[PDB]
Enquirer: 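The structure's right below; bear with me while I get my questions together.
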Amino acid sequence: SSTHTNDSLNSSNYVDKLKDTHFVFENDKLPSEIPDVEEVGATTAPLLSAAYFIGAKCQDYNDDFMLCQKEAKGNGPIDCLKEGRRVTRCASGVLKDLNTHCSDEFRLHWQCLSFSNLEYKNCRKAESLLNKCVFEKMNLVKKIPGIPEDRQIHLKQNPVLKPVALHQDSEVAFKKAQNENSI
Amino acid sequence: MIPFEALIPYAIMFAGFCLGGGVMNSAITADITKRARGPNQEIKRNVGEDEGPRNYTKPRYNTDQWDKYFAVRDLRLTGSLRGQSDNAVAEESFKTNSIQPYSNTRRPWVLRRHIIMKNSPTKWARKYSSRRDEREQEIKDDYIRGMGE
Amino acid sequence: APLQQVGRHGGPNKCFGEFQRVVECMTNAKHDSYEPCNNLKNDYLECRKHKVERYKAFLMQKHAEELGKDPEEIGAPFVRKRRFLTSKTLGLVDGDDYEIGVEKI
Amino acid sequence: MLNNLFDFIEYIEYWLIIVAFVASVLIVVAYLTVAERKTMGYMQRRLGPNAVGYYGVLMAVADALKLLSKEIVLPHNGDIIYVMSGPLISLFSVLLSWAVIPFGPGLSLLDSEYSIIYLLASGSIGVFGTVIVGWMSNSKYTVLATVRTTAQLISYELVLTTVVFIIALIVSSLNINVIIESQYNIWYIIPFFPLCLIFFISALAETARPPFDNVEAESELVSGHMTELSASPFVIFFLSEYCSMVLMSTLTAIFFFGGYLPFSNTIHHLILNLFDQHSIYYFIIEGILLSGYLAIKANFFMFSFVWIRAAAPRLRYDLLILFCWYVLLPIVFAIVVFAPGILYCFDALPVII
Amino acid sequence: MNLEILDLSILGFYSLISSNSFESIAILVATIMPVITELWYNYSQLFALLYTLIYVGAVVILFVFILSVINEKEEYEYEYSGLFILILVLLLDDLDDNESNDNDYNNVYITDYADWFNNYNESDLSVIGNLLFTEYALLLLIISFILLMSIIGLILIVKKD
Amino acid sequence: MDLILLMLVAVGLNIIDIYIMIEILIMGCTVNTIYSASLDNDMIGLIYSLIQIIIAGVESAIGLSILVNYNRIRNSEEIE
Amino acid sequence: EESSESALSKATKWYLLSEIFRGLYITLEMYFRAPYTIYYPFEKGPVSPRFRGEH
Amino acid sequence: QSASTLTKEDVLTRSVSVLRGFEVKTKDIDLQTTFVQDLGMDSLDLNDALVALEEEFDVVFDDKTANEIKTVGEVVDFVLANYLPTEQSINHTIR
Amino acid sequence: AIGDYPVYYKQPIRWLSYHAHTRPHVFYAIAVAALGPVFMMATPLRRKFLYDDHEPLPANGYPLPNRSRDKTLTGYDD
Ligand SMILES: CCCCCCCCCCCCCCCCCC(=O)OC[C@H](COP(=O)(O)OCCN)OC(=O)CCCCCCCCCCCCCCCCC
Ligand SMILES: CCCCCCCCCCCC(=O)OC[C@H](COP(=O)(O)OCC[N+](C)(C)C)OC(=O)CCCCCCCCCCC
Ligand SMILES: CCCCCCCCCCCC(=O)OC[C@H](COP(=O)(O)OCC[N+](C)(C)C)OC(=O)CCCCCCCCCCC
């Protein structure tokens, strides 16, 4: 979906010229009565790599924030500031743990995603190493709700759709774990 | 008997596709990777001694609205629409560098300048009749008059 | 009840909530007249056109002109060219003024 | 210098990419004319051009340069509008259609979820360029070609559009690059062999190629709409017609033969394993391989365009009208119902991922 | 520099001086093209391509009808006009190009705030098809009913027997 | 300039020119509908816009057929 | 009612262009045959003592 | 629309003007003026006048009428009875 | 009647043979078109004999738990 909107960046500068778009900045911070929070610094690739680990670790805070939105009756952005900060800190903690326990496996995964159009199906080898490392060091398991445990696509042995071009770093790391970990 | 002279033009046509594919696959990938290194030209061009092997980012396709939001968010974090960063905490500058596009909502130029397309009973009323605007100005006037109470 | 004001992704758009509250007020049996629902109708029309808010912006700009206030001193900074959303404007620590790449994402 | 040059190149880099892209298409189109004459020659047991450049490699250059050094025939110098409006519209229509042709994953100038619509819409504009030449013209042979040109459009346009929609329906996407990636496990030639034949027939009709060469039948309308054209207007129309042949040959490789996908996955991995992914040399080779896969499939149908010309006589245009409406349209409309019935029956309705 | 203004001015100039029927169908093409391009940017890329897909096919059928009707009438009929008066007419029409008289609506810019609640993102065409085939399926079926009437209608009007 | 009916001069002096004028006029309404729907982020208006394109195409076919038969009647002796 | 071939058999040839592919195959055979061209003026065609040319 | 707008006086007036562009004997031409006697026209001179009169009124004398016409009045009567406006294109009438 | 046109309601099999021989573009176009709905009617057979339908996709927004908020939830506080 590449529909032009007034809420984000459009397709080309000709659209900006026709719309006379002004990219407006604000130099004012949040008022002091709202406690400050540390924003998440992960880009698109690390966030997609850690999406299921944030959900597993921060499920109760994700639900509580979203339940606050529904029960606010239209006043979600203002009322649920407190619940929003809980999610931001919890999500940051997951990324901090990934940089202290599984940095090599974590970086291997989202760099594969940047190499393969950010598609999960093209980085199974790197994801499997990452999933094993996170479970053994954080007790967090990727789970896809609504389907039986053995019918998860990320655990499929012989997928119909496979990446066209292999990721060399993923291939080398996968072989280093096949022979060593599984003697 | 395979006539090799008839296959010479096909080999050149084969090289024609390869010229486009070789240049596009490599130059576009290199440009994205170079701009993801940092916010300044001293990092994009110069490679540090302690930096590891270069990891390339391939071009993105089949995007949606979420990817447009991600591209702007990555710009405010790395200075590139596809910048790379796995930091747990963002910089203080990320708090106040948000970008909000403000634009006009006027009708297309062809709708209001075509010699034929701009003529209709309702368009004439909008353009030449004050009946709609006089009534709608009441709502604008009611806003200021209801402040003092 | 037919669906109206459907967003580009199949769900309600920005102004469906205003429209939905208008329908609920008009079809509610407890009301004797449509006068209580008048304020809800204005909000829905304000959601789409923002005519009252644009009028408020017109007054503030006009009021600042007679006071001599410079627009760049009380306004909001903006950039007109997307390629010039540089890292220096974004406030990055090592931010440079070189143009950003917007040709191919 | 140095510093002011190492960022000037970055400032102009993407213009070099487009210029290289334009040259890549032009080279294939330029040597398709040479390849067609060489291919027909050996099938007709002649040689074809071999005396213009070493083994005939400069034949395309000589034909273009000689025509570019020819007088432009028009009633008045100010009448440059009349004989140039037609060819320019036809040339712009086919060149803009190449923007959505991906030589690799994401390697297309225009990427959009409506690339299929843009492809068909851009091609339809090229028909308007052909009919412009017959602008109350005093040439009777030019007029007769315009009537035939409109008749052919009514034949293939419905058939060609619906066949492309079936492939899009199977993938539930109007993005060309998504259609290419959806053929990783199966090439659409196997499930839709009748559609590939129908698509190729419509491609021949669209390009006014034999056996559907009624617009430019030398034995019927001397040269058709080009009988009054010379020098640059002839070149632009000649260039546009052959650019469509390459484009339709490339489209056939995309819709039914997986586009740029490798013939063998094992061979693709082995070749790329010889190169380091941390160096640019891997992505130079990768672009050569992926486009090389597209080139081999596209060259086969460009060969087939020449092959059918050297093996089949020309069919009358009134017979073509009955051929598409009585035969092709019922078949394609039958398939557009058959395919969803199969997919729904086995719970395999397509989604975009 | 809005170049759409210049294109429409050129199109409007030829509308007042068009004499034969061929120049009129050329006006139609010179009208759809600015519409498609101005739709391709700004508002809606989807309908810019839809306009090209449908109207270009109608143009060719329109053109082929002209070849069967032209009867030499406008090849020798004289027109008088005058260069000065034509420019004066176009200049006065150029003076007023404000289709609406809500100055606040035309001069004050607005923005929208995007949200992440729509994790399922698809093109507008899919949403149109979702509603057209489910919510407004009656409209789709009646449109096919109208198309059926046109097919029968064309045959009875045109066919000699 | 619209109130003096300036558009009556921009329309040519042929029957098919009247047909072209109607297509342009209907196209202006569809462009306006797309303009409103896109701003509102309303797919209902885009459904209306698509219907207007399809319906207007049907109108052109019916009108052309009447004009085709009308031209046929005058040149209908066909003694040759 | 007196056709020797069944309707399915006649339809298979008709829909799959049986004779068209046969004609294509014959043309491709010549592509792998020696051509007849001689390289004039480096080579000359046959002549006979009875040939009539310049006086 | 497609109907004759001629009158006996206008047809006679234009008939006299055409015949005065030739070398006729007398310039006094009326309904009873004969071509052979009063105007002194021979075989070819008479046919030149008849074709010239055809060009003025956009009519074509048939063979029998042209080979038996004697007076100017017979020419006037033929023009009134047989003249029709040429059919226009579809755009001239309905627009 | 060596080559007569069969009557459909008297010889349905012979009537189909006529169109299969004389109008192949009609007989087989309908035959391909018919198999579409035919496979749609065979869907219940696949539902019971081969496999069941997939679970519907979560294309309806964020899945909100159908419960009241947990007032006893703390952690990551200011
Ligand atoms: C696209 C690039 C290649 C085409 C470039 C040709 C440029 C010519 C002008 C293009 C149209 C601009 C808008 C004018 C509307 C059409 C008016 C017209 O009839 O064409 C103008 C042409 C000029 O000759 P002129 O003698 O001055 O006019 C006749 C005077 N009795 O008089 C003629 O009748 C000649 C017509 C030749 C064939 C033109 C067919 C229409 C071309 C439309 C394609 C471009 C779309 C419109 C783009 C501009 C929009 C304003
Ligand atoms: C696989 C994908 C590529 C080929 C697709 C098309 C193949 C032909 C389809 C219809 C066949 C048919 O209808 O077969 C029937 C006909 C004729 O046989 P008959 O008259 O019944 O013989 C009489 C009865 N006998 C069998 C007892 C003797 O056979 C053919 O003429 C076969 C054509 C073979 C040459 C061309 C093959 C290669 C084509 C060029 C490369 C693309
Ligand atoms: C369900 C499976 C669908 C199959 C999809 C493909 C269908 C193809 C069309 C079959 C019908 C047909 O070719 O018909 C032939 C038609 C009309 O012939 P007719 O007037 O009806 O006379 C024949 C009927 N008789 C015998 C009963 C009287 O004209 C033609 O000669 C069209 C020739 C087109 C040739 C293009 C080939 C280009 C090369 C292609 C290979 C790379």
Side-chain angles (χ1 to χ4, degrees), chain D residues 63-93 125-150 208 215-218 220-241, chain E residues 7 10-30 33 59-60 62-83 86, chain F residues 12-14 16-17 20, chain H residues 89 91:
Chain D
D63 285 353
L65 178 54
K66 151 263 187 183
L67 283 171
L68 290 183
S69 57
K70 252 295 190 59
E71 180 193 26
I72 318 176
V73 176
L74 22 65
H76 288 78
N77 53 8
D79 303 11
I80 195 176
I81 287 190
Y82 296 87
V83 275
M84 279 69 169
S85 52
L88 279 185
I89 293 177
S90 179
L91 181 66
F92 295 159
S93 172
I125 300 187
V127 184
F128 185 78
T130 305
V131 309
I132 282 307
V133 195
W135 186 278
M136 59 172 54
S137 177
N138 48 12
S139 181
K140 293 172 183 176
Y141 289 101
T142 300
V143 168
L144 298 184
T146 61
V147 184
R148 294 188 181 184
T149 300
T150 304
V215 178
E216 312 172 22
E218 188 178 354
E220 303 175 355
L221 304 180
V222 276
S223 299
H225 59 274
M226 297 187 303
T227 185
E228 304 293 331
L229 298 180
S230 62
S232 238
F234 188 83
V235 180
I236 298 187
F237 243 149
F238 198 93
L239 179 61
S240 63
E241 293 164 6
Chain E
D7 304 321
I10 297 181
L11 166 63
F13 174 75
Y14 278 95
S15 63
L16 303 180
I17 71 185
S18 59
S19 60
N20 57 79
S21 57
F22 284 98
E23 300 175 16
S24 63
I25 184 260
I27 287 290
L28 176 61
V29 175
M33 248 62 252
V59 167
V60 184
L62 190 71
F63 184 89
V64 85
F65 159 81
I66 304 303
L67 294 176
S68 59
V69 182
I70 172 175
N71 273 120
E72 282 279 2
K73 79 287 295 299
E74 278 287 350
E75 188 56 37
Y76 75 103
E77 274 174 17
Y78 292 146
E79 302 85 24
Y80 313 93
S81 297
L83 183 70
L86 293 171
Chain F
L13 302 185
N14 291 321
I16 202 58
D17 307 356
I20 298 177
Chain H
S89 59
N91 312 126

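In what follows, chains carry the letters A, B, and so on, assigned in the order in which the sequence lines appear, proteins first and then strands, with residues in each chain numbered from 1.
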Enquirer: Distance-only criterion, 3.5 Å: show the donor-acceptor pairs between side-chain atoms of residues 70-85 of chain D and protein atoms not counting sequence neighbours.
Expert:
from	atom 1	to	atom 2	distance (Å)
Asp79(D)	OD2	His76(D)	N	3.4
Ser85(D)	OG	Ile81(D)	O	2.9
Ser85(D)	OG	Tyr82(D)	O	3.3

Enquirer: Going from OG on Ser15(E) to CG on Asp17(F), what distance comes out if it is rounded to the nearest 0.5 angstrom?
Expert: 11.5 Å

Enquirer: Supply the atom-to-atom distance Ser223(D) OG to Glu216(D) CD, rounded to the nearest 0.5 angstrom.
Expert: 8.0 Å

Enquirer: Taking only residues two or more places apart in sequence, or in another chain, which ones meet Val69(E) in a side-chain contact (heavy atoms from CB on, under 4.5 Å)?
Expert: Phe65(E), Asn71(F), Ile90(H)

Enquirer: So, using side chain to side chain donor-acceptor pair (under 3.5 Å) as the criterion, who are the partners of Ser21(E) when residues are at least two apart?
Expert: none

Enquirer: Holding to side-chain contact (heavy atoms from CB on, under 4.5 Å), I want the full list of residues that pass it with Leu16(E), two or more places apart in sequence or in another chain.
Expert: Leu86(E), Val89(E), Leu90(E), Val9(F), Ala10(F)

Enquirer: Please tabulate, one pair per line, all N/O donor-acceptor pairs under 3.5 Å involving side-chain atoms of residues 73-80 of chain E, not counting sequence neighbours.
Expert:
from	atom 1	to	atom 2	distance (Å)
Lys73(E)	NZ	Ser89(H)	OG	3.0
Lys73(E)	NZ	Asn91(H)	OD1	2.4
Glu77(E)	OE2	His92(H)	NE2	2.9

Enquirer: Sequence neighbours left out, what passes side-chain contact (heavy atoms from CB on, under 4.5 Å) with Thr150(D)? Give chain and number order.
Expert: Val131(D), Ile154(D), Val60(E), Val64(E)

Enquirer: Roughly how far apart are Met33(E) CE and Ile89(D) CD1, rounded to 0.5 Å?
Expert: 9.0 Å

Enquirer: Return the minimal non-hydrogen interatomic distance between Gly126(D) and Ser93(D), and the atom names on each side.
Expert: N-OG, 3.0 Å

Enquirer: For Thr149(D), which residues count as a side chain to side chain donor-acceptor pair (under 3.5 Å) partner, sequence neighbours excluded?
Expert: none

Enquirer: Which is it for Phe237(D) and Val133(D) under the side chain to side chain contact (heavy atoms under 4.5 Å, CB included) test, yes or no, and what are the steps along the way?
Expert: CA-CA 11 Å; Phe237(D) 243 149; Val133(D) 195; 3.5 Å; yes

Enquirer: What's the spacing between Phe238(D) CZ and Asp63(D) CG if we round to 0.5 Å?
Expert: 7.5 Å

Enquirer: Let me confirm one number: the OG-CZ distance from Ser232(D) to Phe234(D), rounded to the nearest 0.5 Å.
Expert: 12.0 Å

Enquirer: Checking the side chain of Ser240(D) only, and the main-chain atoms of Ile236(D) only, is there a donor and an acceptor separated by less than 3.5 Å?
Expert: yes

Enquirer: Test side chain to side chain contact (heavy atoms under 4.5 Å, CB included) on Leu221(D) and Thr227(D) and set out the steps.
Expert: CA-CA 8 Å; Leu221(D) 304 180; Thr227(D) 185; over 6 Å; no

Enquirer: Using atom types as modelled, flag every donor-acceptor pair under 3.5 Å from a side chain in residues 136-144 of chain D to any protein atom, sequence neighbours excluded.
Expert:
from	atom 1	to	atom 2	distance (Å)
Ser137(D)	OG	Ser139(D)	N	3.1
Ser139(D)	OG	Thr142(D)	OG1	3.3
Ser139(D)	OG	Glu228(D)	OE2	2.8

Enquirer: Kindly write out the residues that satisfy salt bridge (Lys or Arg N to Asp or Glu O under 4.0 Å) with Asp7(E), not counting sequence neighbours, or none if the list is empty.
Expert: none

Enquirer: Could you list the residues that satisfy ring-ring contact (aromatic ring centres under 6.0 Å, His included) with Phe22(E), not counting sequence neighbours?
Expert: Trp135(D), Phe63(E)

Enquirer: Using the salt bridge (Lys or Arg N to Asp or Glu O under 4.0 Å) criterion, which residues pair with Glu220(D)? Sequence neighbours excluded.
Expert: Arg148(D), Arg314(D)

Enquirer: Once you round to the nearest 0.5 Å, how far does CG of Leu67(D) lie from CG of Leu229(D)?
Expert: 11.5 Å

Enquirer: With sequence neighbours left out, what residues match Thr130(D) under side chain to side chain donor-acceptor pair (under 3.5 Å)?
Expert: none

